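Given next, in structure tokens, is a single chain: the form deposited in one PDB entry.
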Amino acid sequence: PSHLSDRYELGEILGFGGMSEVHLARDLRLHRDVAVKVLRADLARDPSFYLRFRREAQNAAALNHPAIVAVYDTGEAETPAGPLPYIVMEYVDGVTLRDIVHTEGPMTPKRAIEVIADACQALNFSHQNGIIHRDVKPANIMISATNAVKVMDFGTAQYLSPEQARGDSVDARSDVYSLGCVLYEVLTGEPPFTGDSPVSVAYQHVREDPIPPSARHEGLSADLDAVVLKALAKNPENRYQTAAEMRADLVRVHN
């Protein structure tokens, strides 16, 4: 519809997915640009999907940090088709790391360290509030018009942790590994493992050791190689135990 609950004037699609479509809208009451995530409408008439969407809002509303995209409001739209659930979120006028890597190529080491170090902060806060991201990838890290780092989707086979690939339990270390794959990508311009099928990639994550970043892309310090390969360790006990631990090591390479 045109206006959700006669207050949110919907605009251009910023992105879409399997269950929800993300629009850019204007909150008429507050006179501000907001990002509105709406359900597929056909999934809204299902108790399994509705429970997942309403709890996705509640989990995201539970985290208030500058590097995490904020939830402002939630509701339902008066369509003749049925009640339409929506989440009103902080609008981030920016581009994803995926867009940056694809269009501008790899980042300078110092800018890549600055970006991933700020992403570590968002993740460590999440872990402190007992939430594990479960989906860290370039598509979920944006860079603001103010150059600020913003992380979305709190609550793709290339950026899985070995435990995820094996279908085992996950924790903060599973997010650290996933972030290591992102840091590797923004540094070298390529993810740590690639293959013609997703199983070809899943197996590599579990058994095949990672190619050092200095070897894939020229002019990368052996200091950075050691940080990236530590986040990318196969055993979670051998990785950084917190995202704070990872930022601390990155901050050191930078200085």
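By rigid core we mean the largest C-alpha set that fits within 1.5 Å across both forms. So that there is no doubt, residue numbering starts at 1 and follows the sequence shown.
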**Fill in**
Residues of the deposited chain absent from the coordinates between residue 155 and residue 156 total 10 or more
**Complete:** Looking only at C-alpha temperature factors in the entry, 1-9 or 244-252, the higher average sits in 1-9
**Asked** Do the C-alpha atoms of 72-80 or of 108-116 have the higher average B factor in the entry?
**Response** 72-80
**Fill in**
Among 230, 37, 52, 65, the highest C-alpha B-factor in the PDB entry belongs to 52
**Request:** Using the B-factors in the PDB entry, rank residue 140's C-alpha atom against the chain and give the third, lowest, middle or highest.
**Result:** lowest
**Request:** Consider only the C-alpha atoms of the modelled residues in this chain, order them by B-factor as the entry records it, and name the third containing residue 28: lowest, middle or highest.
**Result:** highest
**Item:** residue 161, C-alpha B-factor rank within chain (lowest, middle or highest third)
**Value:** middle
**Request:** Ordered by C-alpha B-factor within the chain, which third holds residue 215? Give me lowest, middle or highest, please.
**Result:** highest
**Message:** Quick check for you: using the entry's CA B-factors within this chain, is residue 169 in the lowest, middle or highest third?
**Reply:** highest
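We do not show the form deposited in another entry, though everything after this point is about it.
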**Request:** Overlay on the rigid core first, then point out the one of 229, 41, 69, 61 whose CA is displaced 2 Å or more between the shown form and the other one.
**Result:** 41
**Request:** Once you account for a change of 3 Å or more, let me know if residue 44 and residue 29 sit closer or farther in that other deposited form, using their C-alpha atoms.
**Result:** farther
